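Just the one chain here, laid out as structure tokens, in the form solved without the ligand.
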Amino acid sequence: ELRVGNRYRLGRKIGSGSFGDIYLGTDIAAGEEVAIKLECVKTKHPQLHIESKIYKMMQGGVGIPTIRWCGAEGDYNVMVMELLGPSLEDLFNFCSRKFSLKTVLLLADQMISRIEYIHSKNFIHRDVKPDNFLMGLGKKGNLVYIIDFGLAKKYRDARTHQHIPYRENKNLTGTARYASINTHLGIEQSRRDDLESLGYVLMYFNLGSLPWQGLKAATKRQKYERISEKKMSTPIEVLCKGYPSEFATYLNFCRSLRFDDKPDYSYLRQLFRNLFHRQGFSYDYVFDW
């Protein structure tokens, strides 16, 4: 039978992205189901082995998947990962694209902390979106994990903490729907952009869609133009209309950070923690699903 790493039987394809396809796998040693990421060794610029190095640097952190195997086999670079549960996009769709305020805030607390942890390891993620957060399995079903480090990169030197330099004239990196305003302006990404994207993810959960989503265009180059224009023409206060002011406060805070500024991860958590209490919610791990 076909087994990557001589050990993981290949199952059905479960996803595809710019940096490889994802398949179900089964560890013949334990029967443990796993996720197998494959990248063609002929790829323009190989990326999976670098992604694997990032995962290894983050191991042990709360909500970081464990990497089981990395190697080259046949026409593929291989990365075998612990299998997690459904993504937040999967669960959002399962829940008919409605999340309660309580679920949004339960998620927001952990997602801010996941992003802070990555930053604490000197990296920015650069692709914050609902598909890239997965709940844990079984007992760990209460824990939000972050995945997909294919666009991640160091933003400061590990020893000196010298921040990467500012620059403009960059092409869009990440996803158009969730990218920060400064990313659309061609500015180098930094810590603030991961958190701004999260702010759009949270308002997406509240609304079911974002106002720049589903725009009619022609080229994908002009697709980005219509998205950038709508995102810039929609004030944060209009975006967040009908929802607690904390969501606009969060987004305004992120937009006001300077390029190399350390975000106040505690302030942002307390905004939505204070709201959680005002609402009368308890942190009892009861999500909409």
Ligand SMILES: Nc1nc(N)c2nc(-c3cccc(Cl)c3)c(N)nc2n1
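Only residues modelled in both forms are compared. Counting begins at 1, following the sequence as shown. Take the two forms, superpose them, and find the largest set of C-alpha atoms that agree within 1.5 Å; that set is the rigid core.
Another form exists, deposited with the ligand bound; not displayed. Remarks below refer to it.
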Hey, in the bound PDB entry, is residue 108 touching the ligand, heavy atoms inside 4.5 Å? no
Taking the ligand as it sits in the bound PDB entry, is residue 84 in contact with it (heavy atom to heavy atom, 4.5 Å or less)? yes
Is residue 22 near the ligand? Define near as a heavy atom within 4.5 Å, in the bound PDB entry. yes
4.5 angstroms heavy atom contact with the ligand in the bound PDB entry for residue 35: yes
Checked 124, 198, 79, 179 for heavy atoms within 4.5 Å of the ligand in the bound PDB entry; positive is 79
Assert contact residue (the ligand, in the bound PDB entry, non-hydrogen atom within 4.5 Å, options 55, 253, 247, 259) equals 55
Using heavy atoms only and a 4.5 Å cut-off, decide whether all three of 51, 134 and 147 touch the ligand in the bound PDB entry. yes
Testing 223-231, 260-268, 236-244, 35-43 against the ligand in the bound PDB entry with a 4.5 Å heavy atom criterion leaves exactly one stretch, namely 35-43
Upon rigid core superposition, which of the listed residues (57, 232, 41, 62) is displaced by 2 angstroms or more at its Cα between this form and the one not shown? 41
Please state whether residue 90 has a C-alpha shift of 2 Å or more between this form and the one not shown, with the rigid core used for the fit. no
Residue 73 C-alpha moves between this form and the one not shown by 2 Å or more, core aligned: yes
Residue runs between this form and the one not shown with every C-alpha shifted 2 Å or more, at least 3 long, rigid core fitted, in sequence order please. 16-18, 39-45, 72-77
